[PDB]
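**Q** this one is an experimental structure. Sequence first:
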Amino acid sequence: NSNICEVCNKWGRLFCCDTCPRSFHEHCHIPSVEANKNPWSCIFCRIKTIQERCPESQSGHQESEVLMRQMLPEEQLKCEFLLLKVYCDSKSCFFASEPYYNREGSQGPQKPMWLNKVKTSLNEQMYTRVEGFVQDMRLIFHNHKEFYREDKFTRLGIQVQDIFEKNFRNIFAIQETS
Ligand SMILES: [Zn+2]
Ligand SMILES: [Zn+2]
Ligand SMILES: [Zn+2]
């Protein structure tokens with residue numbers, strides 16, 4: 001197994017996957033690393049099994065269809081994995097915890113949003129469709145772009161949104177377009 005957390009790239013108290021060489025901090029893994037379970041298989045491994053069980057699940061899909069899917073166990077897992085892929089980027093730090101807004105010439109968003117809030121919402125099964133989860137994730141970046149206006153810090157929102165969107169298209173097998 002690796003000697004650093006796959007998500008945050010630090011050592012520490014690590015839980016090792018039984019079916020692949022990745023390791024995790026307890027609350028870096030999503031869902032949080034399960035208490036017992038020997039062997040234990042990480043979310044990367046669980047996602048790969050879904051694909052292997054249904055090879056056709058990789059054929060291209062329309063985003064509008066994906067968004068209307070109910071949050072059954074497999075879609076729940078896919079959203080958890082997509083959330084984890086965003087935390088894997090170090091620039092996620094800016095969007096993880098609850099923001100506050102006091103900048104001359106700007107007003108804070110009407111509906112603040114942050115990664116840990118989305119994480120709690122997934123854990124509590126608050127989303128009934130994929131659309132719920134995707135809307136909250138896109139809101140994080142849209143709030144940031146609107147608040148920071150012409151400051152160059154707006155680019156951090158563009159960058160992390162790009163990681164989100166690329167991973168969304170990969171995990172949900174969205175049909176490739178020009
Ligand atoms: Zn970690
Ligand atoms: Zn694994
Ligand atoms: Zn099949």
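**A** The structure has been received and is ready for your questions. Numbering: from 1, shown residues only. Ligands and ions are numbered 1, 2, ... in the order given.
**Q** going by C-alpha atoms from here, please, whenever you check contacts or count neighbours.
**A** Will do.
**Q** those residues of this structure touching ligand 2, which are they?
**A** Residues of the chain found near ligand 2 (C-alpha under 5 Å from the ion) are 17, 20, 42, 45.
**Q** can you list the domain ranges for this protein.
**A** 1-59, 60-178 (curated CATH domains).
**Q** got JSON lines for the ones you listed, with mean neighbour count too?
**A** Listed next are the domains of the chain as JSON lines, based on neighbours: other C-alpha atoms under 10 Å:
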{"stretch": "domain 1-59", "mean neighbour count": "15"}
{"stretch": "domain 60-178", "mean neighbour count": "16"}
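**Q** and of the residues of the chain next to ligand 2, the nearest to residue 140?
**A** residue 42 (26.4 Å; C-alpha to C-alpha).
**Q** show me what contacts the spatially closest residue to the closest one that is not a sequence neighbour?
**A** With sequence-adjacent residues excluded and distances taken as C-alpha to C-alpha, 6 or more residues apart in numbering, residue 42 is closest to residue 17, at 5.5 Å. Taking C-alpha atoms under 8 Å, 6 or more residues apart in numbering, we find residue 17 in contact with 1, 23, 40, 41, 42.
**Q** out of those residues, which sit inside helices?
**A** Residues of these located in helices (DSSP state H): none.
**Q** now, the residues you listed that are in strands?
**A** Here DSSP state E is the test, and the contacts of residue 17 give residue 23 as lying in strands.
**Q** now the strands for this structure?
**A** According to DSSP E, the strands that the chain contains are 14-16, 23-25.
**Q** please name whichever of these is nearest to residue 145.
**A** Nearest of the strands of the chain to residue 145, taken as C-alpha to C-alpha: strand 23-25 at 31.0 Å.
**Q** what separates the closest one from the chain centre, distance-wise?
**A** Put simply, strand 23-25 sits 16 Å off its chain's centre (C-alpha atoms, centre = their mean, to the nearest Å).
**Q** skipping adjacent residues, who's closest to residue 121 in space?
**A** The shortest distance from residue 121 to any non-neighbouring residue, by C-alpha to C-alpha, 6+ apart, is to residue 127 (7.0 Å).
**Q** any idea how far ligand 2 is from the one you found?
**A** 26 Å (C-alpha to the ion, to the nearest Å).
**Q** check residue 60 too.
**A** Residue 60 is 25 Å from ligand 2, by C-alpha to the ion.
**Q** please apply the same query to residue 32.
**A** For residue 32, the distance to ligand 2 equals 14 Å [C-alpha to the ion].
**Q** show me the contacts for that residue.
**A** residue 26.
**Q** got phi/psi on it?
**A** Dihedral angles of residue 32 (phi, psi; degrees, to the nearest 10) stand at phi -50, psi 140.
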